[PDB]
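# Can you look at this? It's an experimental structure, sequence on top.
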Amino acid sequence: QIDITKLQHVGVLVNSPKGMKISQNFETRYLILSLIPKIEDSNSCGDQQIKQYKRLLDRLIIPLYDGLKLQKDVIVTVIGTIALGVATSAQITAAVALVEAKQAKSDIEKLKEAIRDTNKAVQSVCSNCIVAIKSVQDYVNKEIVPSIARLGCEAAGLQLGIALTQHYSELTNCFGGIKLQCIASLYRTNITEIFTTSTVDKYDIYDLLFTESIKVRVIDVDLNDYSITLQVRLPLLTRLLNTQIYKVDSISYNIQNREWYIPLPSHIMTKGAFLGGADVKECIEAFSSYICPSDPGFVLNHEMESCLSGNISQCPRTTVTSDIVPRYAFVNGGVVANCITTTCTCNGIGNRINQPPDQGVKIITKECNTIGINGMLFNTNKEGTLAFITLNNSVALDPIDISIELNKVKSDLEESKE
Amino acid sequence: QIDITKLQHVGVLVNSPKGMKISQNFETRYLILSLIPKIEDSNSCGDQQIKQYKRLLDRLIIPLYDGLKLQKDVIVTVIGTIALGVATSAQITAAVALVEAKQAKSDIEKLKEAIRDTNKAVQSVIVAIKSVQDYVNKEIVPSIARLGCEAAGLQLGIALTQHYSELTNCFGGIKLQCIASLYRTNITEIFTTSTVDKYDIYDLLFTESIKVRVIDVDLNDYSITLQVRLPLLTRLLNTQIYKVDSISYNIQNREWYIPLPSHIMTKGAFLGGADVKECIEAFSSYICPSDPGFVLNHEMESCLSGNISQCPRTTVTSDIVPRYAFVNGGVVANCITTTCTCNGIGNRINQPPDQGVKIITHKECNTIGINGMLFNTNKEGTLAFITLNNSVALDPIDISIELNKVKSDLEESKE
Amino acid sequence: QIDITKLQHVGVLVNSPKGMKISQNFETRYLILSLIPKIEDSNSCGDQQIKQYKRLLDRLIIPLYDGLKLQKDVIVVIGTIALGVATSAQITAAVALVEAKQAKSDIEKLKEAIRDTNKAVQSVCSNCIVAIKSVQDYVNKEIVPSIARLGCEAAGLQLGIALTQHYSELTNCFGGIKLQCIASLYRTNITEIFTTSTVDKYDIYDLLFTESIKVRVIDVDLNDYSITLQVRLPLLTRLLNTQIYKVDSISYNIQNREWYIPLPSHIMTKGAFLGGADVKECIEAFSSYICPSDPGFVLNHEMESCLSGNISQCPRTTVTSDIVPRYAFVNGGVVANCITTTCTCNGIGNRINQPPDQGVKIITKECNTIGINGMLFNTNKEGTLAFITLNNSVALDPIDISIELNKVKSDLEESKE
Amino acid sequence: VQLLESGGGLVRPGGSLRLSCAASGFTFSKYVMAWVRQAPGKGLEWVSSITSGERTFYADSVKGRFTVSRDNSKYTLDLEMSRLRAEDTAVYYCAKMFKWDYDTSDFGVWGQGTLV
Amino acid sequence: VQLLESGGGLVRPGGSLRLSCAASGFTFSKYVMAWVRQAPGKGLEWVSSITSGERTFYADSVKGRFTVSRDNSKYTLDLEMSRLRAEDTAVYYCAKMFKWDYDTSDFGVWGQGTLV
Amino acid sequence: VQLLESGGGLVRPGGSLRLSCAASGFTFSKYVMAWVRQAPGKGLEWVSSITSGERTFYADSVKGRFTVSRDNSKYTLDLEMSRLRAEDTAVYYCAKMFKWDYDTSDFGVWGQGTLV
Amino acid sequence: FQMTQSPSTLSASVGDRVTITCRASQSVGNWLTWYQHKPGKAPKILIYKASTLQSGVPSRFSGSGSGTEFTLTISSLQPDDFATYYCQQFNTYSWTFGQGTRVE
Amino acid sequence: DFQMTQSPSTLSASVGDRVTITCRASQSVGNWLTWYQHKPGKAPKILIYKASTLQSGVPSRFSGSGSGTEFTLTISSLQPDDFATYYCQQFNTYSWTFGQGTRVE
Amino acid sequence: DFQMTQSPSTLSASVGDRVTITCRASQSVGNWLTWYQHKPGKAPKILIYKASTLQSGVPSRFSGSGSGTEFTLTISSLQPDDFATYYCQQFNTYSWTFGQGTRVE
């Protein structure tokens, strides 16, 4: 119900629309990260370098296990029992998600037993789907096991040690939420390759960005065979219906020799009959719509709604206190600007057009072929379109001004009762 | 003097308590960074690399000296003279520390003279480090006898270039951790003969946020002197810290809530909030540099003491304030906006319009459901079996419109 | 017209002045990055590594080329207004885009000359253009000489290592681009890249501002792998008759309670305009401030009256936390709230009490040594220091205002009922 | 810790032979065994090697001529030769290769050898 | 695709000689040429090499005495020798070095050489 | 400037002998010194090396039987022998190594030697 | 870069199979060529990158290998196949040959 | 590519003396060596199978130590009938190599 | 593993002509090189000790240059009292190495 053409009279410009995409259902997959590679039949070449790798790993794996145990439990195992202490709605969802992990403990145990002794870097079993990546196994099989025929065990061991120390350094930057992007680039690369068979196939470039922002959760550590079990919740993005999102910016408004502007949020939203603002700090912009983890709408002030729904008289205004608020804009094949602050010689530099004192902004359509604002001359566009009042709801956005006005009121009624 | 049981009727929930730790007295130790390694007996094999290293380093050390010489002195030297300028309380402490360093300068110089030539990586008499010394003495010097000085010089150059690259990241105050990363050591090993030994996992985290200061650069023998102030942590008495969360509250089919800080404090007879942004949490304490308490509004203190009727309320604007929560074996939720079901999934329990929030007890019935999901309750729960009259707004435009309305009211009354 | 002597009776302390520097004009230079090196008379020892390097580079450039064509065209006499909505900060960049397009013909000529060359840095003027080639310096002095004494395989492995490292270093901030990054790649520093410019007459503080200027991409070729960038070096002119100060406040007593006068972090004066200044985006120098744009923002009227000497119009608020200092000495003496923190004259036993009405105590050449809490000092003898109802209370929390409004509402309902 | 002989004898140039050295008395299935040559009145030399997995490795002088195979189940190691030449007149040894670790369980053994 | 050699003959020690390998039938400015020597009843050996651009490389036995030069326009290649010795009696060949790529347009060719 | 030497002679094979090379004219305390051998009508060969600090490297041929030493106070060098064989009948030389830098005050010296 | 090859001498009958191996001290890549040198003739080229067949050479010749070990083999022998065969390495600008192996 | 050489090739000795036998590696073979005693008419034995460890049944007089490229094994006192040939092998690469030999006498 | 070899082993020339001698190093030895003259019946001396710098007392006839792995010493004009064996000496490693030598007419 936004009236874009009417709003221009008071300097509010609304960008072209876009849709919104939200994720409500998640697909659960498990990612076992075995950190000790295997060398097939190398006569125990690399054993010494593996031991040092284990000592180095114990620094980052023993604290991680201890932190896991100290974590409280919202639900103790109908889903389960409530437990003692305080926990809010946002924590109950994570608690339920973790409870779902205990149901697949038996199946995960089976997969780990199967992959105990194997040489494959990536391997998946689905009865429920599991995926297991082994430290730097690809590099080993490709350039270390072959390497021990021409160089010997010494050079191969030195190369293995350098590789493993570099791998340890790359670790401790993701495990210092572990962030999905950190995991993906670490092992080999990609995100559509790890989850070969899944919905990731039907993902655009913007969709892949949203998944990389999701955080994974550690749900087990072994300390006997060095492994970390992670739970990944990939999203299913479904576009909502009858939803639009715009963008709003404002320009200077002139009242009696001064500068004002109409303060509005960064974005405006309209879903169904609900008209209100929307924050996109955690969302991702795309070419056709947004992607938001949760509904961003937040209720605006009533006057702000009446203003945005075409009723100009109810918009509020404030004082300009900086140079951030602009003074001219290209609306549609024309300009809307405050001709008092900025010059408005349109057709020829000598020619000038003055906005009358009563009016606030000047809309030029067609009317004159070329327009120059300050020193630059522009030509209008005819393929486009365009067309050619009291606010009295002023406000102040600084607490000191409010306090002084309040003190004035306090003093005024005392004068009244006296 | 918090009354947890009574507050639950309004939506405010308080987590279990925790203590506080503060640092009042520091221990000062001195760190000297000698950036030029010494090669014991190698027929000057590496002099060419060291001069290249020296020329590269002169691009980082020269600007440091010029900045230090341009720093104004707060007090010029019991304890000294005031000096001319402007300096507040927070600067005077740094000035006093600097004056103490100035007094110790004599012995610092004596120690420097003692250690001028020596191959030890770390000494103690205070503690001094020497660039890449362990690497040198471990492989570069022994390898000169096998690979010759060409290969040895090449690796020495690679190592020194890497070390210079590592620097210009710490000095581009300086975080203590950066320095502990440069030299592969813990904080405990550097200051072994100190109080750092009696620290837990959460205490070392606090010692890593303090900033070190530079007090001398020599420019003839390339060195830097640093002052470190290790804290002494003493737990205060009769001081508790809490955590507060709020849920929805029904008033004639509309949602509200009670705004409170993220944390609350009570010390002696002082009731107030706590801004723990800079503090480091622990399993039983809140390690804080300064006293975090900040005075709260009178109404909020009265409300938290137990006077339920003077707590204020505001409207709910977004889907960020929850609508249900686990408290003690049972739930408290706004059942008007979230369907609540007792034993049977079909069975529905409706909070009467007058009431704001509904408190179950697990003796009311054994299994309760939310709008979806089912929970079977705790037998050993401690949970047990009203007008606010103070509405506020948190947005300035809201306030301005009310101000304008009252303004018009007086204008009308004056006649 | 800021007064620095009277305000000390109220706790406000103003620091030393400094000037202002702004960048009105810009100098445009185009910088072409040729990502594929050239090996000369090497008998094709590089191939089978440049081809792999190209496959890796193909992951970066193609997404970048696609992004350019999706960008809307604000402008198309400089041009035509185009369609859609754009504000001033958008048109200012549109002008730069048109200027880049209006000089595209000459840039094409330079690319022809460098098609076959092995120079790390090459420059021309007609609009001067500078062109750097991926790792040409390293090739010429290490790899090409290395072929004779080591063989093609050893040289190839080294070239592969170097190219992989260079690719990794790319995508580090290319996936605005920043000027520090370009300096960091093929280690250079700004002064060397643009020799024929105004960069020569720059101080240490002037370089930091330039390193914070964003550089934008204007073309990617996709056939001969190259990226064209547009740098805008600033010309800095010191504004005249403008000053900037700094402001700090200390505790002020009223009836055994603590208050303070709130003020911004900085305050500035320019001719006949008095107001505060935001300096978050600027860079502080020894004798002036370097600011992308005029930072002044209008301040409350009462605050202006307060900083102009009319000392009975300042507002005050209640101290809530221990971040407002209780003592501070300026020039040869202290100005502290002696009610809270104990002040002593020469002797530790000797004590000085501030009467109930007085807010803070100014002590000059009054005591040759003064003690604040435990520590005592020596009161410098060359100092220039010399030896009230506020009536405007303020609150900085919306809740406080809300309850006050509630009281006003109730009072007025009672008035006519 | 015992190794046997087999096949030691005289053959005409261009013939083919099958030498088998049989092992018993340790865990044979976790070690790499290799052959070693000793021309009369000459320094020792290497022939071939076989790992647990039958990967196989050979000395250049005998590449493409000999074959080495091992029987893990029966604890036996066999060698076959073809296109024999005059230079290959020596004493042939079946040996065990040490692991690349310092564990004290490793012993090291040496076959008695055939005088072919 | 046909390289012809010329020059060379009997000369007493210390003399100077200048041989020529003409070329025809293929591009000459995109290849590297080197000379190879073979003493009677002996194995082949390298002599020198010249790049398209006259970089110039030499072997130990003949370094500091020879001078290879070439002309792009005339499609000719030459070698100059001075201060000859008794161990430089052999047949000299003019050849083409393969490009370090797997292209399908590389052929390889050899000349008939000169007795010298 | 001068590095005199003395102590040479002919002894029964397998004996023990001690040669001396006194020093003067420059600073002996910051220069490595090594010994070089020369078999009659044969190429010069390295022997050993001693550093300021008694690092005591050695050459493979004479390792395990030679004992060299130095004195920083009296400016004297010595070399000792043990279990002499017939293979070392040569002239022993006292020599100063170089500082691996481009100093303009550097120089070199070489001794008279001992017949031995 | 030293290149060595065995067997030095070889005795074979018609129709049989023969294998000749060259070994390189260091890694020489895929760069290797095989020459045929009959007495009183100009050497020819058989396989000029260790796998590729020279135009007009009979199909009986084929070679494979890489790195440090290379090998050449002929399916069926002939009366005209007796000659000295060579392995060249053109990795470095400076060429180096083997020793040679008469086949009979 | 790995090569081994040992000196002295020939030695003279007498009962009770001390003898040192070196073995220099062309490249880095590491702590992977073994010393064999080969006597005419008998199959070779193993003396020190990792350059440090003494094989069961070997006499204590055989002491061996070293690392990197240079290695060494030294005898304290001789036995008249212990003047055999001695070898230094390397098992760094699946393809072993030996030395020349040393007639202790 | 460093080695030094030089050719030609024997050389014959005439007074006033040019003589060129080259030493080759197995690996990169560096700028560290020295050149020696060995007349029979005399103690060896030095001519150029860093491949570039000339010791005092040596005539300007001798001149050498190069670096890395290839070095060469060349003399403009010969003189009758210049027939002796010449050497190439590396002092990069504590363990010194020579060439085998040269003889001139």
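Cool, the structure landed. Residues are numbered from 1 along each chain as shown, chains lettered A, B, ... in the order given.
# quick one, phi/psi of the residue in chain G that chain H sits nearest to?
Of all residues in chain G, the one sitting closest to chain H is residue G:25 (6.1 Å; C-beta to the nearest C-beta). No exception for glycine: its C-beta is placed from N, CA and C like everyone else's. Dihedral pair for residue G:25: phi -60, psi -50, per degrees, to the nearest 10.
# For burial, what's the neighbour tally of the closest residue to it other than its chain neighbours?
Excluding its sequence neighbours, the residue lying closest to residue G:25 (C-beta to C-beta, 6 or more residues apart in numbering or on different chains) is residue G:2, at 4.3 Å. By the measure other C-beta atoms under 10 Å in any protein chain shown, the count of residues near residue G:2 is 10.
# show me the contacts for residue G:2.
G:24, G:25, G:96 (C-beta atoms under 8 Å, 6 or more residues apart in numbering or on different chains).
# Thought residue A:313 was touching residue A:390, still the case?
Yes. When contacts are counted by C-beta atoms under 8 Å, residue A:390 is listed as touching residue A:313 (7.1 Å).
# Those two: who's more crowded?
Between residue A:390 and residue A:313, counted using other C-beta under 10 Å, the more crowded position is residue A:313 (12 against 7).
# Isn't residue G:14 up against residue G:77?
Yes. At 5.2 Å, residue G:14 and residue G:77 qualify as touching, with contact defined as C-beta under 8 Å.
# Looking at these two, which is more packed in?
More crowded of residue G:14 and residue G:77, by other C-beta under 10 Å: residue G:77, with 18 against 9.
# list the contacts for the more buried one?
Counting by C-beta under 8 Å, 6+ apart, residue G:77 touches G:12, G:13, G:14, G:15, G:16, G:17, G:18.
# Quick check on those: which are buried?
With burial judged by 16 or more other C-beta atoms under 10 Å in any protein chain shown, the buried subset of the contacts of residue G:77 is residue G:18.
# Out of the contacts of residue G:77, which sit inside strands?
Counting by DSSP state E, the contacts of residue G:77 place residue G:18 in strands.
# pretty sure residue D:77 belongs to a strand, no?
Yes. Under DSSP: H, G, I helix; E, B strand; the rest coil, residue D:77 falls within a strand.
# That one and residue D:54 touch, don't they?
No. Applying C-beta under 8 Å, one finds residue D:77 not in contact with residue D:54, separated by 11.4 Å.
# Mind listing the shared neighbours of the two?
With C-beta under 8 Å, 6+ apart, residue D:77 and residue D:54 have common neighbours D:69, D:70.
# Between the two, which is the more surrounded one?
With neighbours defined as other C-beta under 10 Å, residue D:77 and residue D:54 compare such that residue D:77 has more, 24 against 10.
# what's the spacing between the more buried one and residue D:24?
From residue D:77 across to residue D:24, the span is 12 Å (C-beta to C-beta, to the nearest Å).
# So what pairs up with the residue nearest the centre of chain D in the strands?
Nearest to the mean C-alpha position of chain D, by C-alpha atoms, centre = their mean, lies residue D:35 at 3.0 Å. Counting by DSSP bridges, residue D:35 forms beta bridges with residue D:48, residue D:94.
# which ones are touching it?
Contacts of residue D:35 (C-beta under 8 Å, 6+ apart): D:46, D:47, D:48, D:49, D:68, D:79, D:92, D:93, D:94, D:95.
# now do 7 Å
D:47, D:48, D:79, D:92, D:93, D:94 (C-beta atoms under 7 Å, 6 or more residues apart in numbering or on different chains).
# Do I have it right that the first one meets residue D:33?
Read that as residue D:47. No. Taking contacts as C-beta atoms under 7 Å, residue D:47 lies outside contact range of residue D:33: 11.5 Å.
# Now tell me what touches the helix or strand containing residue A:245 from outside.
Per DSSP states H and E, residue A:245 falls inside strand A:243-250. Contact partners of strand A:243-250, identified using C-beta under 7 Å, 6+ apart, comprise A:2, A:11-15, A:17-20, A:261-262, A:264-265, A:267-271, A:278, A:290, A:325, C:87.
# if we go to 8 Å?
A:2, A:11-20, A:261-272, A:278, A:280, A:289-290, A:325-326, A:329, C:85, C:87.
# Equivalent analysis for stretch G:93-104, please.
The set of residues external to stretch G:93-104 that reach it, using C-beta under 8 Å, 6+ apart, is C:147-148, E:32, E:34, E:36, E:43-46, E:49, E:51, E:57, E:59, G:1-12, G:18, G:20, G:22, G:37, G:81-89.
# can you check stretch A:180-196 too?
With C-beta under 8 Å, 6+ apart as the criterion, stretch A:180-196 contacts A:29, A:31, A:121-122, A:124, A:131, A:133, A:138, A:170-171, A:173-174, A:200-201, A:203, A:208, A:211-216, A:230, A:232, A:234.
# Let's see that with 10 Å instead.
A:27, A:29, A:31, A:33, A:121-122, A:124, A:129, A:131, A:133-139, A:167, A:170-171, A:173-176, A:178, A:198, A:200-201, A:203, A:208-209, A:211-216, A:230, A:232, A:234, C:59 (C-beta atoms under 10 Å, 6 or more residues apart in numbering or on different chains).
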